[PDB]
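Engineer: Below is the structure I would like to discuss, written out as structure tokens.
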Amino acid sequence: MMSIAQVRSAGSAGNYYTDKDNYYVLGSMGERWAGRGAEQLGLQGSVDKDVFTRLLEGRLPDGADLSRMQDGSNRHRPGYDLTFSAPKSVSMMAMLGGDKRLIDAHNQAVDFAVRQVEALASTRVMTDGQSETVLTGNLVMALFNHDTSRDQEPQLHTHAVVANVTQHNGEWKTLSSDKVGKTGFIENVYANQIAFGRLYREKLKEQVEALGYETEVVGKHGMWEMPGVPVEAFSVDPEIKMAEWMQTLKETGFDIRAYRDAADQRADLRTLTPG
Ligand SMILES: [Mg+2]
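Just so we're aligned: the sequence shown equals residues 1 to 235, 268 to 307 in the authors' numbering.
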């Protein structure tokens with residue numbers, strides 16, 4: 001699904017989203033800029049921690065500055081964290097079963113959902129004494145893949161960090177609003193939390209099933225898993273953590289390789305089937 005949360009203070013944000021220990025099992029952080037806005041600022045590909053931090057403060061790479069220093073602290077809201085988590089079985093098959101094209105599938109699902117989120121981008125602009133929200137359609141995002149849950153179990157996820165900035169008629173303005181009122185961006189993202197989650201969730205299922213794997217619905221809002229995967233056995269030196277995960281995986285008796293060959297055969301079976 002997709003969880004929502006205030007982005008973590010511009011101060012510690014950088015190291016929080018990027019220190020190697022959040023993506024050790026994955027190998028790389030697979031981090032990247034996203035959004036029409038990032039493109040407008042010439043931000044593409046790998047993410048510079050310093051530029052990212054600055055972005056959270058309101059300092060953009062083109063000179064624009066939305067920071068608000070007040071008595072020693074910046075009062076510009078850093079932004080938001082939209083976290084897309086893959087289902088347990090997928091996380092396991094990806095980082096314990098070594099099937100990396102599932103990481104790609106996930107990445108493809110996040111890109112897809114995030115593009116929909118972007119259509120909600122907007123800002124408050126008052127004209128004629130009447131203020132109203134105006135769709136803006138551009139965001140500046142930095143995505144980071146992590147592989148570990150809060151309780152140290154495998155969890156492939158992407159923290160889609162949305163900077164609190166958007167361009168309007170050439171001016172960089174804030175998504176947040178210093179005044180309660182006519183529904184803004186993040187309120188609209190909440191009203192649609194299940195839907196964005198369903199978008200991601202359903203896009204992943206298409207990719208995943210394309211690779212040959214099977215899926216079965218196990219809960220509300222199309223929540224699904226891959227049949228047969230020991231999801232139950234999975235509810268700080270990452271090297272040790274991996275060691276344990278791999279061990280508890282063996283204790284289940286599950287045959288990873290056999291599971292994948294089955295997915296390969298099923299896949300080929302479908303491509304070579306006109307009747
Ligand atoms: Mg994380």
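Just so it is clear, CB atoms sit at the ideal spot from N, CA and C, and this is done for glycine as well.
For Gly-181, list the residues DSSP reports as bridge partners.
Structural biologist: On the sequence shown, position 181 is the one that residue 181 refers to. Its beta-bridge partners do not exist; DSSP assigns none.
Engineer: Measure the CB-CB distance between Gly-181 and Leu-175 and report whether it falls below 8 Å.
Structural biologist: On the sequence shown, residue 181 is found 181 positions in, with the first residue counted as 1. On the sequence shown, residue 175 is found 175 positions in, with the first residue counted as 1. Against a cut-off of 8 Å, the Cβ pair of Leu-175 and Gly-181 comes out as no contact.
Engineer: Measuring from the CB of residue 247, is there a heavy atom of ligand 1 at a distance below 7 Å?
Structural biologist: Within the chain, the sequence of modelled residues goes 235 then 268, so residue 247 has no position in this structure.
Engineer: If we ignore side chains and look at the alpha-carbon of each, how far apart do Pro-306 and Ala-299 end up?
Structural biologist: Position 274 of the sequence shown holds residue 306. Position 267 of the sequence shown holds residue 299. Straight-line Cα distance between these residues: approximately 14 Å.
Engineer: Short of 7 Å in beta carbon distance, which residues of its chain neighbour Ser-235, apart from the five on each side in sequence? Order them along the chain.
Structural biologist: Start at 1 with the first residue of the sequence shown, and residue 235 comes out as number 235. Hits under 7 Å: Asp-151 and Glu-153.
Engineer: What number of angstroms, rounded off, separates the C-alpha of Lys-173 from the C-alpha of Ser-46?
Structural biologist: Along the sequence shown, one-based indexing puts residue 173 at 173. Along the sequence shown, one-based indexing puts residue 46 at 46. So the two alpha carbons sit approximately 25 Å from each other.
Engineer: Report the option in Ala-233, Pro-230 and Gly-197 whose CA atom is closest to the CA atom of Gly-222.
Structural biologist: The residue labelled residue 222 in the question sits at position 222 within the sequence shown. Here the closest residue by C-alpha is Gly-197.
Engineer: What is the DSSP secondary structure of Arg-68, reduced to helix, strand or coil?
Structural biologist: Against the sequence shown, residue 68 aligns to sequence position 68. Correct three-state label for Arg-68: coil.
Engineer: Within 10 angstroms of its Cβ, does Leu-135 collect 16 or more other Cβ (buried), or is it exposed?
Structural biologist: Reading the sequence shown from its first residue, position 135 is the one you call residue 135. Counting Cβ neighbours within 10 Å, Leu-135 comes out exposed, since fewer than 16 surround it.
Engineer: Compute the beta-carbon to beta-carbon distance between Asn-138 and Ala-163, rounded to the nearest angstrom, for a pair I have assumed lies under 8 Å.
Structural biologist: Position 138 of the sequence shown holds residue 138. Position 163 of the sequence shown holds residue 163. Not a contact, Cβ separation roughly 11 Å.
Engineer: Looking at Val-90: is its Cβ nearer than 8 Å to the Cβ of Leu-26?
Structural biologist: Working through the sequence shown from its first residue, we reach residue 90 at position 90. Working through the sequence shown from its first residue, we reach residue 26 at position 26. Cβ distance not < 8 Å, so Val-90 and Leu-26 don't count as in contact.
Engineer: The beta strand (DSSP E) spanning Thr-166 covers which residue range?
Structural biologist: In the sequence shown, residue 166 corresponds to position 166, counting from 1. That run of the beta strand (DSSP E) goes 166 to 168.
Engineer: Taking only runs that begin and end inside the stretch 9 to 90, name each unbroken alpha helix (DSSP H) of 4 or more residues, in chain order.
Structural biologist: With a minimum length of 4 residues, the unbroken runs of alpha helix (DSSP H) contained wholly in the stretch 9 to 90 fall at 10 to 18, 36 to 40 and 49 to 57.
Engineer: Would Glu-225 and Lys-88 be called neighbours here (beta carbons separated by less than 8 Å)?
Structural biologist: Translated into positions along the sequence shown, residue 225 becomes position 225. Translated into positions along the sequence shown, residue 88 becomes position 88. In this structure, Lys-88 lies closer than 8 Å to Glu-225 by Cβ.
Engineer: Specify the secondary structure class of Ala-210 as computed by DSSP and reduced to three states.
Structural biologist: Here the question's residue 210 lines up with position 210 in the sequence shown. Reduced to three states, the DSSP call for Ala-210 is helix.
Engineer: Let me check one thing: in DSSP terms, what residues is residue 240 bridge-paired to?
Structural biologist: One cannot assign coordinates to residue 240, given that the chain in this structure leaps from 235 to 268.
Engineer: Can you say whether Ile-272 is buried or exposed, counting buried as having 16 or more other CB atoms within 10 angstroms of its CB?
Structural biologist: The count along the sequence shown starts at 1 and reaches residue 272 at position 240. Exposed, by the Cβ-count rule.
Engineer: Helix, strand or coil, according to DSSP, for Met-92 in the structure here?
Structural biologist: To locate residue 92, count along the sequence shown from 1; it is residue 92. Helix, per DSSP.
Engineer: Could you tell me whether any non-hydrogen atom of ligand 1 is closer than 7 Å to the CB of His-106?
Structural biologist: Residue numbering aside, residue 106 sits at position 106 when the sequence shown is read from its first letter. Not under cutoff, so the answer is no.
Engineer: Starting from the Cα of residue 256, find the closest Cα among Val-217, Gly-35, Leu-204 and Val-161 and give me that residue.
Structural biologist: Coordinates for residue 256 are absent; the numbering of the chain skips from 235 straight to 268.
Engineer: Run the proximity test for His-221: is its beta-carbon closer than 7 Å to any non-hydrogen atom belonging to ligand 1?
Structural biologist: Taking the first residue of the sequence shown as position 1, residue 221 is located at position 221. Outside the cutoff, so no.
Engineer: Of all the options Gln-130, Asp-293, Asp-21 and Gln-44, which has the alpha carbon lying nearest to the alpha carbon of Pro-61?
Structural biologist: Residue mapping note: residue 61 aligns to position 61 of the sequence shown, counting from 1. Cα-wise, what sits closest to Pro-61 is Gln-44.
Engineer: Does the contact criterion of 3 or more C-beta pairs under 8 Å hold for the stretch 103 to 120 versus the stretch 12 to 24?
Structural biologist: no
Engineer: Buried or exposed, going by whether 16 or more other CB atoms sit within 10 Å of the CB of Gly-129?
Structural biologist: Reading the sequence shown from its first residue, position 129 is the one you call residue 129. Under this definition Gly-129 is an exposed residue.
Engineer: Evaluate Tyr-17 with the Cβ neighbour count: other Cβ atoms within 10 Å of its Cβ, from every protein chain shown; 16 or more gives buried, anything less gives exposed.
Structural biologist: For this step, residue 17 is matched to residue 17 along the sequence shown. So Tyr-17 ends up on the buried side.
Engineer: Tell me whether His-76, by its Cβ, gets closer than 7 Å to a heavy atom of ligand 3.
Structural biologist: Summarising the ligand content, the structure contains ligand 1 and does not contain ligand 3.
Engineer: The alpha helix (DSSP H) spanning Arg-101 covers which residue range?
Structural biologist: By one-based count along the sequence shown, residue 101 stands at place 101. Run containing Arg-101: 101 to 118, per the alpha helix (DSSP H) assignment.
Engineer: Give me the Cα-Cα distance between residue 251 and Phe-84, rounded to the nearest whole angstrom.
Structural biologist: What the structure lacks is residue 251: the chain is numbered 235, then 268, with the residues between left out.
Engineer: With distance defined between alpha-carbon atoms, name the residue in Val-231, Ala-64 and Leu-301 nearest to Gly-97.
Structural biologist: Residue mapping note: residue 97 aligns to position 97 of the sequence shown, counting from 1. Checking every option, the nearest Cα to that of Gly-97 belongs to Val-231.
Engineer: Between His-168 and the rest of its own chain, which residues show a CB-CB distance below 8 Å, the 5 nearest in sequence each way excluded?
Structural biologist: For the purposes of this step, residue 168 is taken as residue 168 along the sequence shown, with counting starting at 1. Closer than 8 Å at Cβ, skipping near neighbours: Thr-123, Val-125, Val-134 and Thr-136.
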